[PDB]
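**Q** Here the protein sequences come in this chain order: E and K. For the first sequence, the authors' numbering puts the final residue at 204, and the numbers step up evenly by one. Taking the authors' numbering, I'd label the letters of the second sequence as residues 634 to 746, 759 to 791.
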Amino acid sequence: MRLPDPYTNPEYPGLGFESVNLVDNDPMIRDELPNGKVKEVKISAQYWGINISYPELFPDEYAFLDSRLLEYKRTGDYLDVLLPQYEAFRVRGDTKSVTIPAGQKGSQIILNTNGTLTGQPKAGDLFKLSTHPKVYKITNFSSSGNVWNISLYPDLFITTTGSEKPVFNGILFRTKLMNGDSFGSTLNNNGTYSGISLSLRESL
Amino acid sequence: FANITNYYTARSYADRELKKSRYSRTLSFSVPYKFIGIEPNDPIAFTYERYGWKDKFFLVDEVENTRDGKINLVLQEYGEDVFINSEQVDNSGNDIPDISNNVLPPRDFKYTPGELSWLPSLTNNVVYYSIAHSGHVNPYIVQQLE
């Protein structure tokens with residue numbers, strides 16, 4: 001649905017985020033032995049939690065935001081959020097000709113690019129597989145001219161079918177409101193709707 | 634013992650279970666996932682240093698496999714003395730057959746030239774003896790009046 005951003009529509013300023021918080025929510029069981037060791041096991045999943053806070057909103061901007069959020073609620077579609085700090089627009093080119101091997105799995109994607117991708121990404125840029133909603137952050141990189149190995153922090157929630165393709169640009173966090181239960185906005189004396197903050201969690 | 638019919642093996646089993654009762658110690662602790670596979674009657678040797686416990690034979694009494702990975706063990710203390718077993722005494726002359734469920738016949742009998762020789766049965770539940778001849782269809786009746 002693409003939650004409104006200044007890139008999406010700049011005629012309503014102040015709908016830009018004033019504080020973006022990627023909560024690296026990683027549910028995980030840890031035990032602390034007397035031996036000194038720390039034993040820890042990964043189960044469940046890992047949802048990127050986005051904590052958006054908004055400034056005071058004039059009636060027009062808040063009316064538009066209610067329109068979009070009610071469109072989100074009455075429909076079953078997921079919120080899409082673009083984080084500008086990661087919109088580095090490296091890599092560049094097209095992603096149709098790149099191929100991923102048959103079944104990759106295990107937090108490392110080794111994709112080979114023939115001539116269609118021109119540019120080495122930096123460790124820490126978000127990476128997404130075309131078919132599966134969730135977005136991964138890169139932790140290391142290594143290239144051999146055409147074949148470059150990419151290491152991902154989330155452990156590849158989807159397996160590889162053989163037609164998967166990277167995105168590298170314009171990714172959107174598929175998210176759902178976690179504040180939908182009690183979503184209110186006080187309209188002050190001044191006439192500006194205040195205290196409207198959004199808590200978002202991925203819905204891969 | 635509902636299932637054991639040997640005097641001697643039940644004797645040894647009673648001795649073993651008595652000594653097992655004599656030991657009677659329980660530990661209860663948790664172990665990490667390294668020790669997966671522990672089974673509720675497996676031998677382990679627990680070696681807490683302060684107690685003075687160097688290798689001490691315990692058989693586990695509980696295992697609680699957990700989704701997280703930790704195992705919640707419970708121990709029972711069985712030294713080698715319970716399994717080493719002991720010696721038993723001969724018990725063969727002290728048999729008690731069930732002789733006391735049938736009436737006994739005349740003690741002696743011979744024919745002296759009538760057939761009188763039958764000594765009264767040791768069973769005092771006796772009323773009338775019966776004599777059956779080869780050709781006489783109607784058997785005789787001799788009655789224990791005294």
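Note that beta-carbon positions come from the ideal geometry of N, C-alpha and C, so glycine has one too.
1. Going by other Cβ atoms of all chains shown within 10 Å of its Cβ, with 16 needed for buried, is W686(K) buried or exposed?
2. Which residues in the same chain have their Cβ closer than 7 angstroms to the Cβ of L764(K), if we skip the five residues on either side of it in sequence?
3. Please name the residue, chosen from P784(K), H781(K) and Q709(K), that lies closest to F662(K) on a Cα-to-Cα basis.
4. Quick one: does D26(E) have its CB under 8 angstroms from some CB of chain K?
5. Leaving aside the five residues before and after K689(K) along the sequence, list all residues of the same chain whose C-beta is less than 8 angstroms from its C-beta, in chain order.
6. Would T116(E) pass as a contact of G93(E) if the rule is Cβ separation under 8 angstroms?
7. Could you have a look at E202(E) and say whether DSSP puts it in helix, strand or coil?
8. Determine whether the Cβ of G702(K) lies closer than 8 angstroms to any Cβ atom of chain E.
9. So is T113(E) buried or exposed if we call it buried at 16+ other beta carbons inside 10 Å?
10. When you compare the CB of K128(E) with every CB in chain K, is at least one pair closer than 8 angstroms?
11. Could you have a look at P676(K) and say whether DSSP puts it in helix, strand or coil?
12. From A45(E), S67(E), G16(E) and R90(E), pick the residue whose C-alpha is nearest to that of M1(E); which is it?
13. Is it the case that the CB of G93(E) approaches a heavy atom of the ligand ADP more closely than 7 angstroms?
14. Am I right that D31(E) and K42(E) are in contact with their C-beta atoms under 8 angstroms? What's the rounded C-beta distance?
15. For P738(K), which residues does DSSP report across the bridge?
16. Pick from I669(K), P665(K) and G670(K): whose alpha carbon is nearest that of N35(E)?
17. State the Cα-Cα distance for the pair residue 243(E) and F691(K), rounded to the nearest angstrom.
18. Quick check: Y72(E) and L177(E), are their CB atoms within less than 8 angstroms of each other?
19. Using 8 angstroms for Cβ pairs, my map puts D80(E) next to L200(E). What's the rounded Cβ distance?
20. Below 8 angstroms, how does it come out for the stretch 150-168 of chain E and the stretch 91-111 of chain E: are there three or more Cβ pairs, yes or no?
21. With DSSP as the reference, label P59(E) as helix, strand or coil.
22. Can you list, in chain order, the residues of its chain whose CB lies under 6 angstroms from that of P4(E), leaving out five sequence neighbours each side?
23. May I ask you to report which of helix, strand or coil DSSP gives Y72(E)?
24. Hey, could you find the ends of the beta strand (DSSP E) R30(E) is sitting in?
25. Taking DSSP's pairing of strands, which residues face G93(E) in a bridge?
26. Could you name the residues of the same chain whose beta carbon sits closer than 7 angstroms to that of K653(K), not counting the 5 residues immediately before and after it, in chain order?
27. Give me, in chain order, the residues of the same chain whose beta-carbon lies closer than 8 angstroms to that of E713(K); leave out the 5 immediate sequence neighbours on both sides.
28. Write down every uninterrupted run of the alpha helix (DSSP H) in the stretch 704-729 of chain K whose length is 4 residues or greater and which is fully enclosed by it, in chain order.
29. Can you find a CB in chain E that lies within less than 8 angstroms of the CB of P673(K)?
30. If you measure from the beta carbon of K39(E) to each beta carbon in chain K, is any gap under 8 angstroms?
**A** Reading off the structure:
1. The residue labelled residue 686(K) in the question sits at position 53 within the second sequence. Sixteen is the threshold: since fewer than 16 other Cβ atoms of the shown chains lie within 10 Å of the Cβ of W686(K), the residue is exposed.
2. Position 119 of the second sequence holds residue 764(K). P739, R740 and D741.
3. Position 29 of the second sequence holds residue 662(K). Nearest of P784(K), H781(K) and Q709(K) to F662(K), Cα basis: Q709(K).
4. By one-based count along the first sequence, residue 26(E) stands at place 26. So no, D26(E) is outside the interface.
5. Within the second sequence, numbered from 1, the residue matching residue 689(K) stands at position 56. Here the set comprises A678, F679, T680 and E710.
6. As a first step, residue 116(E) must be located in the first sequence, where it is residue number 116. As a first step, residue 93(E) must be located in the first sequence, where it is residue number 93. Yes, these two residues count as a Cβ contact at 8 angstroms.
7. To locate residue 202(E), count along the first sequence from 1; it is residue 202. It is a strand residue.
8. Numbered from 1 along the second sequence, position 69 holds the residue referred to as residue 702(K). It does: the Cβ of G702(K) has a partner Cβ on chain E nearer than 8 angstroms.
9. One-based indexing of the first sequence puts residue 113(E) at position 113. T113(E) comes out buried.
10. Taking the first sequence and counting its residues from 1, the one referred to as residue 128(E) is at position 128. Contact with chain K is absent for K128(E), since none of that chain's Cβ atoms lies less than 8 angstroms from the residue's Cβ.
11. For the purposes of this step, residue 676(K) is taken as the residue at position 43 of the second sequence. Secondary structure at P676(K): strand, using DSSP grouped into helix, strand and coil.
12. Position 1 of the first sequence, counted from the first residue, corresponds to residue 1(E). Residue nearest to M1(E) within the set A45(E), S67(E), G16(E) and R90(E) is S67(E) (criterion: CA-CA distance).
13. Absence of the ligand ADP from the depicted structure is noted, as is the absence of any ligand whatsoever, leaving it without description.
14. Position 31 of the first sequence, counted from the start, is the residue given in the question as residue 31(E). Position 42 of the first sequence, counted from the start, is the residue given in the question as residue 42(E). With a Cβ gap of about 13 angstroms, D31(E) and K42(E) do not count as contacting.
15. Numbered from its first residue, the second sequence carries residue 738(K) at position 105. Beta-bridge pairing links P738(K) to no other residue.
16. Here residue 35(E) is taken as the residue at index 35 of the first sequence, counted from 1. The residue with the shortest Cα to Cα distance from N35(E) is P665(K).
17. Because chain E in this structure spans residues 1 to 204, residue 243(E) falls outside the shown range and cannot be described.
18. Working through the first sequence from its first residue, we reach residue 72(E) at position 72. Working through the first sequence from its first residue, we reach residue 177(E) at position 177. The answer is yes: Cβ separation under 8 angstroms.
19. Working through the first sequence from its first residue, we reach residue 80(E) at position 80. Working through the first sequence from its first residue, we reach residue 200(E) at position 200. Distance from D80(E) to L200(E) at the Cβ level is roughly 10 angstroms; contact not present, criterion being Cβ atoms closer than 8 angstroms.
20. Yes: the two stretches touch, three or more of their Cβ pairs being nearer than 8 angstroms.
21. In the first sequence, counting from the first residue as 1, residue 59(E) sits at position 59. Helix, per DSSP.
22. On the first sequence, position 4 is the one that residue 4(E) refers to. Contacts found: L15 and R68.
23. The sequence position of residue 72(E) within the first sequence is 72, counting from 1. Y72(E) falls in the helix class under three-state DSSP.
24. Here residue 30(E) refers to the residue found at position 30 of the first sequence. Segment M28 to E32, the beta strand (DSSP E) holding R30(E).
25. Working through the first sequence from its first residue, we reach residue 93(E) at position 93. Note: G93(E) is bridge-paired with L117(E) in the DSSP secondary-structure output.
26. As a working note, residue 653(K) is residue 20 in the second sequence. When the five nearest sequence neighbours on each side are left out, the beta carbons in the same chain lying within less than 7 angstroms of the beta carbon of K653(K) are those of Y711 and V715, in order along the chain.
27. Here residue 713(K) refers to the residue found at position 80 of the second sequence. Cβ-Cβ distances below 8 angstroms link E713(K) to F690 in the same chain, with the five nearest sequence neighbours on each side left out; the list follows chain order.
28. Whole alpha helix (DSSP H) segments, 4+ residues: 713-717.
29. Counting from 1 along the second sequence, the entry for residue 673(K) is found at position 40. Not a single C-beta of chain E is nearer than 8 angstroms to the C-beta of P673(K).
30. On the first sequence, position 39 is the one that residue 39(E) refers to. It does: the Cβ of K39(E) has a partner Cβ on chain K nearer than 8 angstroms.
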